[PDB]
Every structure is written in C-alpha cells, then in structure tokens.
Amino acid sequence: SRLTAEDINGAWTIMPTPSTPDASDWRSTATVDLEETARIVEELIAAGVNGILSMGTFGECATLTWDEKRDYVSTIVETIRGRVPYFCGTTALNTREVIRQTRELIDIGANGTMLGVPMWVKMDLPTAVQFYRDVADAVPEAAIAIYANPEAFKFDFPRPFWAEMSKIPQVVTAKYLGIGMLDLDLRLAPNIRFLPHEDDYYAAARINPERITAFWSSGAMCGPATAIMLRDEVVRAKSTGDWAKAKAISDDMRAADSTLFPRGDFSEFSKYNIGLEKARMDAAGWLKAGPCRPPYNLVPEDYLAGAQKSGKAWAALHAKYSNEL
C-alpha cells in the first residue's frame, strides 16, 4: 500500500544522477552511468539509510532527457528490490507533463515523487494548492514529497499552503529548508513528515521530538556514516535526555558545510546548485557524480574550491564516524 508519514523515519539521502564523461556535451544522448547508480544504491542500503530521494536540483531533474530518467529509475528500482522506499522527481513546466512522468515512474516502481512547482510563471497560493491536488487526483497511488525550494521554484511555500497540503492524503513528507517557521508548520499540517536538512535535525528534533523523526542528507553522498550516527545518537538522546553527543555531531556537520556556499549566500549557491554539489561529492571520493549536463556546466573556480573543501571535510567526518559505528 501507499506510504504514509508514519512510515517516514530516520536518514533519507538524496542521490545525484551519476553522469558519464561526455555528459557536459549537448551532443551526448545517454549520459547516465547506470552501473555507478546501482553501486551507490547498494552502498546506501548497506550503510542502513531509511529511504532514498532523487532527481531534485543537483540530481539534475531539469537537464536529463526522458529516456535517461526512465533508465535511471529502472536501475534504481531493480537494485532496491523493495528493500527501502524510493522517491523519484517529476517536477516539470506544467501539470500534464508532471502527471505523465509521475504515472510512468510510479509504474516502473518508485513509491513516490519529490515534487516542486512549475516555475516559468511564479505561482500564487491557490495555483500551487490546485497543482498538488491535481497531481494527487491524477496519480492516487503515488506518495508526494513537497520539494519546498523558493529559489528554484519562486513560490515561497507559506503557512496556509501547508494547512492545505495536510488535507491531501498522498502528501506525506516535505524536503524543508530553514526551520524558522517549523513549530507552526507542524501545527498546521499534522499529517506530514517534515524533513529538515541534516544540519538542522538536532535543533528540529529538540523542538518536537515526537514529530521530527527523519531528515534529508546530501552530505551522506560524501560518506553516510555521519548521517547514520546522527540518527542513532538522536534516538538515544530522546530516550536518555543527554543531547551532548548529538550536538557534537551536528556541530561537526555545520563546520563541514561552512565553505560550501559562495560568500555564505544561499541565493549565490542556488545559481551553482548543481555544479557545487557534484564538485563536493567528487572531492570526497565516496562516489563519482561526474560532470554536469548542459546548460549548468560552468562554475567559477573560487566557488569550486569551497565546495571541494566541504567534500574533504565530510569525507573526514565519514572516516571518524565509521570508527565510532
């Protein structure tokens, strides 16, 4: 049966779409490294991750062809063999295209779709609500994760929006950014598992330990031991009341991320979202993300250095926390 919020716990990792060496060239047509895809999936399951998300911004939902996406999702589904939940990404420029893609990828065997909103024209609240209702009506078997990124999708995903989404049974989770309004969003949307970023999980879990049981991780693509440790230590802390160890892991994570954003700026990061994440993963050496598909294959050198430093820092964390596991 379909996933619910009750089924969403622990560490959910967002994987890249590994690319072949020629992927930056507009002439290339089959740019997904399907063997590297399979290898990453198995490594994540083996590390003990609770679920897998894919095909967000740095996963290059925007730049893959439809044939590449089908092949990618097929490979993932055959590798996973039902062992963990998997969400693909079907964000597109309009409702009909989203529905067409969501239908095919759910049929191939994904459990759900991580879904932003069409972003050529900026959506208002009623448009966005109707969009998610439309997709849920059209594809009732699919679980939905709201991909709540205002930089990418222009819409700001405000409080009343969450109240409306809690009425759609298919909407079970959200990839959430800043936790500034999380206390309230939880109240407005009781039926949604809100996933903070890993760096914010410690804080969010302390705010509401009953509701905040899961988080999403990009840093896991540099070695997942850090995320696994955080998950485990937060479960222990909720039981014992001793938060010191979880706090120390959380502080390490924030430090590893400290050079990732160009000049500290989320909006400047968002212009180079794809290249910076991929350069980071490449530097950490746990997986081979490969070059970026056009048009987003140019990143200033200064910024790359920051991303590479972050990668090396996360790889160091993976080494440290692998021993403590």
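From 1 onward, residues are counted along the sequence shown.
Enquirer: So which stretch wins on mean C-alpha B-factor, 240-248 or 122-130?
Expert: Higher mean C-alpha B-factor in the PDB entry: 240-248.
Enquirer: Where do the C-alpha atoms have the higher mean temperature factor in this entry, in 263-271 or in 62-70?
Expert: According to the PDB entry, the answer is 263-271.
Enquirer: Looking at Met114, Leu177, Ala152, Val135, which has the highest CA B-factor as recorded?
Expert: Answer, based on the entry's C-alpha B-factors: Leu177.
Enquirer: Among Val172, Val98, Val84, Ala220, where is the Cα temperature factor highest, going by the PDB entry?
Expert: Comparing C-alpha B-factors across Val172, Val98, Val84, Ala220, the top value belongs to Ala220.
Enquirer: Just say lowest, middle or highest third for the CA B-factor of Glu36 relative to the other modelled residues in its chain.
Expert: Middle third of the chain for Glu36's C-alpha B-factor.
Enquirer: With respect to C-alpha B-factor, does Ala11 fall in the lowest, middle or highest third of the chain as deposited?
Expert: Lowest third of the chain for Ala11's C-alpha B-factor.
Enquirer: Would you mind ranking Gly306 by its C-alpha B-factor against the rest of the chain and naming the third, lowest, middle or highest?
Expert: Its C-alpha B-factor belongs to the middle third of this chain's values.
Enquirer: Sort the modelled residues of this chain by their C-alpha B factor and say whether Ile45 lands in the lowest, middle or highest third.
Expert: It belongs to the lowest third of the chain when residues are ordered by C-alpha B-factor.
Enquirer: How does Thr75 rank on Cα B-factor within its chain, lowest, middle or highest third?
Expert: Lowest third.
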